[PDB]
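Chains as they are written, first to last, in UniProt numbering: chain A, 320 to 464; chain B, 320 to 466; chain C, 320 to 464; chain D, 1 to 104; chain E, 3 to 209; chain F, 387 to 577; chain G, 387 to 577.
We put the beta carbon where it would ideally sit given N, CA and C, even for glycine.
Working notes, structure below.
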Amino acid sequence: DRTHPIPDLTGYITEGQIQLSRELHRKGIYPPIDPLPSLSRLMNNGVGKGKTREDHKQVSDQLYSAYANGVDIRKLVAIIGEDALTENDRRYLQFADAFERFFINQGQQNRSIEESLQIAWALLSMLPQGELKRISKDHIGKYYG
Amino acid sequence: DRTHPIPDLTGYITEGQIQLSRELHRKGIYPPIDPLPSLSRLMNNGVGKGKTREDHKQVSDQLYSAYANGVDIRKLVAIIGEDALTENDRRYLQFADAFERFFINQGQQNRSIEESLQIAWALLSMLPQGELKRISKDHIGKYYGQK
Amino acid sequence: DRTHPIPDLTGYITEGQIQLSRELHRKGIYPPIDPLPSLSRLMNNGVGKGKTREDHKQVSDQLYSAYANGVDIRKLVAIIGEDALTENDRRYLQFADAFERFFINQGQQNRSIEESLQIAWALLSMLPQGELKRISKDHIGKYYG
Amino acid sequence: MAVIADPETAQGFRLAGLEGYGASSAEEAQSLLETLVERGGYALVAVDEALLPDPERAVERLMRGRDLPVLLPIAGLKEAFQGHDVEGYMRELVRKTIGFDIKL
Amino acid sequence: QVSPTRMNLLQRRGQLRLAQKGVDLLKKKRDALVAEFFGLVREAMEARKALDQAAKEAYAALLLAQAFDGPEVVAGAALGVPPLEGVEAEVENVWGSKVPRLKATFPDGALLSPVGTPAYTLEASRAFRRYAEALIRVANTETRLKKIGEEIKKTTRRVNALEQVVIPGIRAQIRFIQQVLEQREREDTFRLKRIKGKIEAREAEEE
Amino acid sequence: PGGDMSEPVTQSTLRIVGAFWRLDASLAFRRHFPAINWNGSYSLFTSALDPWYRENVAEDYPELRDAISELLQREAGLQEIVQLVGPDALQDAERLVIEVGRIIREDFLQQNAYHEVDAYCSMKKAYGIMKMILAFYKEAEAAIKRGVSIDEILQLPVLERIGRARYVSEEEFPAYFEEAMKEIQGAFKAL
Amino acid sequence: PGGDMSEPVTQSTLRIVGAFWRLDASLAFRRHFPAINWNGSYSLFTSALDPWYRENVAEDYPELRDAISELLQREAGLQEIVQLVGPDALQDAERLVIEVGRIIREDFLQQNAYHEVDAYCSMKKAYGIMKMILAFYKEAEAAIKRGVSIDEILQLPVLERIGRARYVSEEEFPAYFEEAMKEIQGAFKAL
Numbered sequence: 320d321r322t323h324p325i326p327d328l329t330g331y332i333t334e335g336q337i338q339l340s341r342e343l344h345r346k347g348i349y350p351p352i353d354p355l356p357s358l359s360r361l362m363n364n365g366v367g368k369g370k371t372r373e374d375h376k377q378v379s380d381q382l383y384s385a386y387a388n389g390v391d392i393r394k395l396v397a398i399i400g401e402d403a404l405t406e407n408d409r410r411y412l413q414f415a416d417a418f419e420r421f422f423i424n425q426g427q428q429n430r431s432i433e434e435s436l437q438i439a440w441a442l443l444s445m446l447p448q449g450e451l452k453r454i455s456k457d458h459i460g461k462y463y464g
Numbered sequence: 320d321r322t323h324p325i326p327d328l329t330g331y332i333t334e335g336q337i338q339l340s341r342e343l344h345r346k347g348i349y350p351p352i353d354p355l356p357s358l359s360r361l362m363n364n365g366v367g368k369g370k371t372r373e374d375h376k377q378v379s380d381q382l383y384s385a386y387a388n389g390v391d392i393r394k395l396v397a398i399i400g401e402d403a404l405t406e407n408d409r410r411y412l413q414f415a416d417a418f419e420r421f422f423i424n425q426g427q428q429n430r431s432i433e434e435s436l437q438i439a440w441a442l443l444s445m446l447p448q449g450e451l452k453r454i455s456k457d458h459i460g461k462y463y464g465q466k
Numbered sequence: 320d321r322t323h324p325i326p327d328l329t330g331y332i333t334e335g336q337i338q339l340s341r342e343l344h345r346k347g348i349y350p351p352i353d354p355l356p357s358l359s360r361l362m363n364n365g366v367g368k369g370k371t372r373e374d375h376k377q378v379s380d381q382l383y384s385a386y387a388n389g390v391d392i393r394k395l396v397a398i399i400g401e402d403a404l405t406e407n408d409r410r411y412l413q414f415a416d417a418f419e420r421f422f423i424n425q426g427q428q429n430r431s432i433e434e435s436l437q438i439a440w441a442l443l444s445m446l447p448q449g450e451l452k453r454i455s456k457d458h459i460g461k462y463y464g
Numbered sequence: 001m002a003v004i005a006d007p008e009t010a011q012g013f014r015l016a017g018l019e020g021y022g023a024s025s026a027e028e029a030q031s032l033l034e035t036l037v038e039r040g041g042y043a044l045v046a047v048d049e050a051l052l053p054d055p056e057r058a059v060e061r062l063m064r065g066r067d068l069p070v071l072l073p074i075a076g077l078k079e080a081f082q083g084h085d086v087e088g089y090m091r092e093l094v095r096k097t098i099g100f101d102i103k104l
Numbered sequence: 003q004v005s006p007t008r009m010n011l012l013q014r015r016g017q018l019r020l021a022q023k024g025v026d027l028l029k030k031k032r033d034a035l036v037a038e039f040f041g042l043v044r045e046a047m048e049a050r051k052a053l054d055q056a057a058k059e060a061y062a063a064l065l066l067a068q069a070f071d072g073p074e075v076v077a078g079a080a081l082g083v084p085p086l087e088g089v090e091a092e093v094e095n096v097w098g099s100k101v102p103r104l105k106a107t108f109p110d111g112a113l114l115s116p117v118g119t120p121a122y123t124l125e126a127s128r129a130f131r132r133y134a135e136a137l138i139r140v141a142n143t144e145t146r147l148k149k150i151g152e153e154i155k156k157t158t159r160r161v162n163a164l165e166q167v168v169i170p171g172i173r174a175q176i177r178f179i180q181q182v183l184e185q186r187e188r189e190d191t192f193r194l195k196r197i198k199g200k201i202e203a204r205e206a207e208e209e
Numbered sequence: 387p388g389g390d391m392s393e394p395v396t397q398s399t400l401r402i403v404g405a406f407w408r409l410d411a412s413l414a415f416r417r418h419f420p421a422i423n424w425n426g427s428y429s430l431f432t433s434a435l436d437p438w439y440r441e442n443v444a445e446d447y448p449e450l451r452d453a454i455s456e457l458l459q460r461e462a463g464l465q466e467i468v469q470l471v472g473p474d475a476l477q478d479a480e481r482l483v484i485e486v487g488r489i490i491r492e493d494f495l496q497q498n499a500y501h502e503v504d505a506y507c508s509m510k511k512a513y514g515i516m517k518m519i520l521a522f523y524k525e526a527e528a529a530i531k532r533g534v535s536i537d538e539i540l541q542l543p544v545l546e547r548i549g550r551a552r553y554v555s556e557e558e559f560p561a562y563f564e565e566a567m568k569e570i571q572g573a574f575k576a577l
Numbered sequence: 387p388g389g390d391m392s393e394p395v396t397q398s399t400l401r402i403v404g405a406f407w408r409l410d411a412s413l414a415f416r417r418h419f420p421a422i423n424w425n426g427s428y429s430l431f432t433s434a435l436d437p438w439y440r441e442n443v444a445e446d447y448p449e450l451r452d453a454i455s456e457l458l459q460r461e462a463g464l465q466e467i468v469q470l471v472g473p474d475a476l477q478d479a480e481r482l483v484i485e486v487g488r489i490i491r492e493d494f495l496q497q498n499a500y501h502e503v504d505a506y507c508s509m510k511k512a513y514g515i516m517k518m519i520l521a522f523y524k525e526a527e528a529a530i531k532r533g534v535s536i537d538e539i540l541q542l543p544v545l546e547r548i549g550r551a552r553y554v555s556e557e558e559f560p561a562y563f564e565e566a567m568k569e570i571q572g573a574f575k576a577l
């Protein structure tokens, strides 16, 4: 838990933490990080145009938004059954597990930043283009699909 | 929480409580007392004939039960749809929603006790006679049929 | 709750438990011992040939298996309709009801050990022999009347 | 639409401008039922009581989804001298439906 | 989660009140639906009694037309067919479910033999249209009654599942969290006794 | 020290202040910033700042804002029901209340501090965005009693323009506000 | 302080008491005084007071005690599909159970503590009322399967005499009890 005094204080001092989740580990996923309880406060210094790539920060934002919506619609699957989900809801629910088993899961391979970003655009391509509301229009033009 | 020791022991010596609520306050209602969890353990020996007015405890009971089954009908109609209630539940819905903004949403005016009771009977007179099951016959005969 | 210190610290030092149940008490059944949470951690010694009748352990086993299966199916018959259930499940429901009205609810009388065992066989004759898996067929031949 | 009762019954429906079939045995009634289910016919099927009492079976096995060919346990004419015992059918229906048979 | 702060206890009490009020809302939906179901059940039985009435007249007309007039000529007048189709399953919405409501067939505006060359047969062709119309009326009443009845029993099984699980499970977690908070309070009022003992055992008798 | 507001420091600092802005973590776990928990934050400086708002912002500013507050209260009332059944079996009106509360939470309250525009936001601009969402809501419920499906209200080409209202500049804003008020009047009369 | 049994004081009290009597406000709300609840309450002295009853009140006393206690158990059991359906569409031997449960609650349990004669009630009087209700029921349940309807039972003018039976001085009760019992036997012969 993040409420024992040692992680509590350790996150009040440092700048970021990455939390390995027990639930994703039992699915055989390696490195079992989950993104929603993890963060790094110095992302916004060192990513962006001229220093990594101009679309980096917005891709990060949209991945958190979409995966978070997929998880809280899994919590809704957990009562109403899979059938009563409409559409642009099943694409969320498939974005979530396609994310967890193609982006998080990797062996001992070293994927560079172009590989990770083009995999993130490949995963975001599943969503309809009008849904991706935190990405500016030029970046959503020249990478989608 | 009322299980904190401060409201615990205070309500365990004092007699009744009246209780403000954030819900009526966010809808914008002043003063935001909701009268469902409120209670005075000593009203019943303070009101009535000769002290204030004859019908007081019966009016108070009828207001409480009618608003109390107006609230759950409001909560019900968010899934039922307003069509599939009867006429009688619909009248309770209009009772609840005009109650909490004419009787409670006072503003900063001064309502002496008979103005309070005439607003009480004007609010109860959105229900039919004989739906008012608690009030005895003479008060329904005399004060009903206003506004 | 068993996790209170007196149930669990007795449960560590002793050799099993016999647990009365609240729900069997409200049906006028007396002594209200339900048999599912209870066990004797011993009793492999104190049964069997000589010490008891020969068929003792297998009968006790088969009662626990059949009553567990009947109480699972009357958990499920509360959920699904009471007709959408096959042929053997009616005998398991009738066995669980006949069991807890005749075997447990003994009231006042001082049953011998053979009266308990012949009530056990009398309740097991409400079942087809292929439903009696644990009792080896010699005891099935001798008893099962 | 479609019905199955009997050829003598079905020719009246074909005279209505409504597809008829007819089977003497209950298994052949489920055969013709299975036929029009597989050949998905406009969404309605009536079935006589004497052949299939509660003909939900073929559509709940085959077309579990979509609820589309609506089944009806209709009454047959040699039995329509009695009149189906409509009240008993309704008691049987509510007992099948919500489990709890009571008196209206 | 279940990591036991004080704030998780208050969030569980809020969750417990949500479940207890949802139980009463679900019971009230089921009672309003059950009043509606006991409205529809008599209407379904009277549509079927009308179906039995129209049944006896239509089978009587068919028996008379095949008795008097020939079997072969009624086969010949019935093989010549109107287009027979036109039924459709349009949309109805009942408490979170689309159900098929059928409409009529309607080729009855186009009927054969304007000079009806048999006579009793054309009475049967008029009869079985009223028969099929009462048939589709019974169909698109009974399908509504099916869906309302099973929606209701679904609500009851959701009520009993929600009650008998998430009321005792939540009350168990609440008693667990109340226990661990009381225990940490007990450790604190042990350590206070130790601080007071060590402050008095110096500054009351040192030297 | 535990992420709980039941501490000596927190519950001794909420008795001597007004204006208690209470950040949470679920809104921080999704990247939704600033992470203000609406249901447990408050401010006691509203009533005294009524006449200043009526002077220097607009005349009808406080009744407008109390309409925003009661929309968010009705959403937080309905969230009980929608987590207890689903967005299934909500009616036409109540799903609209859900959607308008959601579009307030995404396109009025939500504010990143790294876009160059929309890190400062003057109250002319915030009065504009509230008035756009109240006009949209009001005429959408007028068109929903008049009988449409909500699902094509929720796909109009004006919701993206209200959504992007916060990104446009404080200098070119009143042109954008007049334009989107014209278009929010004109999108519903086409039904 | 919270309706909160398994509080330590109430738990220790219920460990060492001999009888425990709940007082729901809901029965006081439905105007049923004394407001004792016969569901949560219990008594552990019924097994010791058996021969005192058998030698002073009457010889069969605990058996009709247990008959009335299980009849209350049955009414409280099948109130369930009374709540699902209504009291007027049961079976015919179950609407009888709820009707006799209602007459038990309205004449054997409810008691005006201010009325001068309803206040005090000895064992002979309580036994008379008790047997009278039980005799009505045991002939009505035999009657409902042979020769009567339900409306040809609940509309019967001995019911008012059982309802008046508690308003009788104990100095003049057993003379009234004889008339009431013989009138039960006659008026159920008469159908």
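Is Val486(F) helix, strand or coil by DSSP?
-> In the three-state DSSP reduction, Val486(F) falls in the helix class (H, G or I).
What residue does the beta strand (DSSP E) around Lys100(E) start on, and which one ends it?
-> In the DSSP assignment, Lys100(E) falls within the unbroken beta strand (DSSP E) covering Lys100 to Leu104.
Since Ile398(B) and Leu476(F) are thought to touch, with beta carbons under 8 Å apart, how far apart are those beta carbons, to the nearest angstrom?
-> With 8 Å as the limit, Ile398(B) and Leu476(F) qualify as a contact, their Cβ atoms being about 7 Å apart.
Just list the alpha helix (DSSP H) runs in the stretch 390-418 of chain C, keeping only unbroken ones of 4 residues or longer that don't cross its boundaries, in chain order.
-> You should have found no qualifying run.
Is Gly335(C) helix, strand or coil by DSSP?
-> Strand at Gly335(C).
For chain F, find out if any of its Cβ atoms is closer than 8 Å to the Cβ of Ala397(A); answer yes or no.
-> Taking CB atoms only, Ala397(A) has no neighbour in chain F less than 8 Å away.
Would the beta-carbon of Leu32(D) fall within 8 Å of that of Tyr21(D)?
-> Against a cut-off of 8 Å, the Cβ pair of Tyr21(D) and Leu32(D) comes out as a contact.
What is the DSSP secondary structure of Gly20(D), counted as helix, strand or coil?
-> Three-state DSSP puts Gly20(D) in a strand.
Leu409(G): first and last residue of the uninterrupted beta strand (DSSP E) it sits in = Element bounds for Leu409(G): n/a, residue is neither H nor E.
Could you spell out where the beta strand (DSSP E) holding residue 129(D) opens and where it closes?
-> With chain D covering only 1 through 104, there is no way to say anything about residue 129(D).
Coarse secondary structure for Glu94(E), derived from DSSP in three states = Strand, per DSSP.
Proximal residues of chain E, C-beta to C-beta of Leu400(G) below 9 Å | Those within 9 Å of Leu400(G) in chain E number zero; the least Cβ separation is about 18 Å.
Report yes if the C-beta of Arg345(B) is less than 7 Å from at least one heavy atom of the ligand GTP; otherwise report no.
-> This structure does not include the ligand GTP; it has no bound ligands of any sort.
Is there a Cβ from chain A that is less than 8 Å from the Cβ of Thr157(E)?
-> At least 8 Å separates the CB of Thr157(E) from every CB of chain A.
Check whether the Cβ of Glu466(F) lies closer than 8 Å to any Cβ atom in chain H.
-> Considering every chain present, this structure includes no chain H. Its protein chains are A, B, C, D, E, F and G.
Pick out whichever of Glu74(E), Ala52(E) and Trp97(E) has its Cα sitting closest to the Cα of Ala75(D).
-> Looking at the Cα atoms, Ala52(E) is the closest of the given residues.
Would you give the residue range spanned by the beta strand (DSSP E) that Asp48(D) belongs to?
-> Counting along the chain, the beta strand (DSSP E) containing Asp48(D) begins and ends at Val45 to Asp48.
According to DSSP, residues forming a beta bridge with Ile422(G) | According to DSSP, which records beta bridges pairwise, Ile422(G) is partnered with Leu409(G).
Spatial distance of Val89(E) from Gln377(B) (CA atoms) | Each residue's alpha carbon lies about 60 Å from the other.
Taking the C-alpha atoms as reference points, what is the distance between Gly330(B) and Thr396(G)?
-> Distance between the alpha carbons of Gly330(B) and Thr396(G): 19 Å.
Figure out for me which residue from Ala479(F), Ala551(F) and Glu393(F) has the closest Cα to the Cα of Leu495(F).
-> Taking each of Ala479(F), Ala551(F) and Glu393(F) in turn and checking the Cα distance to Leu495(F), the smallest one comes out for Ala551(F).
Indicate the three-state DSSP secondary structure (helix, strand or coil) for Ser357(B) in the structure shown.
-> If DSSP states are grouped into helix, strand and coil, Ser357(B) belongs with coil.
Residue span of the alpha helix (DSSP H) that contains residue 213(E), given as start and end = With chain E represented from 3 up to 209, any question about residue 213(E) goes unanswered, as that position is not in the structure.
Residue environment, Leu11(E), which counts as buried when at least 16 other CB atoms sit within 10 Å | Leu11(E) is buried by the Cβ-count criterion.
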